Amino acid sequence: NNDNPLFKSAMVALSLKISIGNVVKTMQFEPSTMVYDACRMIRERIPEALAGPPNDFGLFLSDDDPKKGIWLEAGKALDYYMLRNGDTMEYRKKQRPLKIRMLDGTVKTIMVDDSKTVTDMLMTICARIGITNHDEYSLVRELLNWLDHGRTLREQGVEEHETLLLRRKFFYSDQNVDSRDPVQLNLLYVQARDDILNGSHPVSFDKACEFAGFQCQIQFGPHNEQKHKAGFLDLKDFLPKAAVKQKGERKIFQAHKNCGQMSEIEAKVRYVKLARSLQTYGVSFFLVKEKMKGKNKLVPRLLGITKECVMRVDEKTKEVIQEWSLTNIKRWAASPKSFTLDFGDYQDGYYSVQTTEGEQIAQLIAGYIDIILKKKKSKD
């Protein structure tokens, strides 16, 4: 027998455990409290919440599956988040370290906001490195597994120990090549070289050996028959996977010889101009399976996307069977198994093919459209 002089009924307040590091205090909020207000009361009742400027801190609901933890939006109210008495929010630092592979082999570490999408972080990353054309850029895990620009790193399963790659994804505008800025020249070189080498830029066997000849001149200096003889080369470092044939060593060394005493800068300039001169340059290819009239077996075929068109290309000859301008495409739709283009009245029938790349294809087509729309308003 003992009543409680402190008993208060009809209290309709969220009783939440606030977590900051080793510390866990319990605090009371009115459910309709804006999140930016909850952070404010946290800062006024727990001194460990003053360890950094407010803009660096947020409320975070954790989860056994890290991809499912969420940062609460400043503009919402606690009850939007179906909070029940006894739940924990962490008042948590928003900045995480992120490792991007640098051109000199080092890895720069950039602080990025764990609460923002990959689109937003790309501005941060390019500014900290000094890239101007950031809407042409994207990220891949070091390990063409492009990440999703409309989702955070956390919700795609990218862990903080992972090192990421900054690569050019869209080919909308090309600055001129200038031997007077060797740093910029080396960028354009490294970008064209990696695309040839990894197979993003398909090239003939003959051409793949000509690039390799330039790459030899750039990495070893003028050809030296004494040191650059049979067996010298690690072909996987100099040829696309498709191109690796020991017939190539002799062919690469010839091209290397034909450079004579070309300087490393002239070789880089000649490498970039050659790549830019191929009709494959700036085209993203995807492997799809078409259906022919009659033929119940599907034909493998390449789908090429550019800043101007979508293209049906032959898997071997690389010649363009058919090309549709992006302005002739009314809508598209992807599935985990298919990709489909609607052309409106420009054609009788949809274009539909099997591919595991439907979503990647759609993201490329939509990204080019978004660059085009952004460039049309900014020229008005």
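Note that residue numbering begins at 1 and tracks the sequence as displayed.
> Please classify the unmodelled stretch of the deposited sequence between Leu143 and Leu144: none, 1 to 3, 4 to 9, or 10 or more residues.
Missing residues, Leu143 to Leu144: 4 to 9.
> Which is higher in the entry, the mean Cα B factor of 185-193 or that of 168-176?
For C-alpha atoms only, the mean B-factor is higher in 168-176.
> Quick one: say whether 290-298 or 159-167 has the higher mean Cα B-factor in the deposited entry.
On average, C-alpha B-factors are higher across 290-298.
> Tell me which of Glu90, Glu249, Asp114, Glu73 tops the list for C-alpha B factor in the record.
That would be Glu249.
> Determine which member of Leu98, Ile218, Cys309, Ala275 has the highest CA B-factor, using the values in the deposited entry.
That would be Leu98.
> What third of its chain, lowest, middle or highest, does the C-alpha temperature factor of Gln347 fall into?
Tercile = highest for this residue's CA B-factor.
> C-alpha B factor of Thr132, ranked within the chain: lowest, middle or highest third?
Within its chain, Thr132 is a middle-third residue by C-alpha B-factor, going by the deposited values.
> Splitting the chain's C-alpha B-factors into thirds, which one does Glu264 fall into?
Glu264: CA B-factor falls in the lowest third of its chain.
> Which third, lowest, middle or highest, does the C-alpha temperature factor of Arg43 belong to within its own chain?
For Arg43, whose C-alpha B-factor we compare with every modelled residue in the chain, the answer is the middle third.
> Ranking the modelled residues of this chain by C-alpha B-factor as given in the entry, is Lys68 in the lowest, middle or highest third?
Answer is highest: the recorded C-alpha B-factor places it there.
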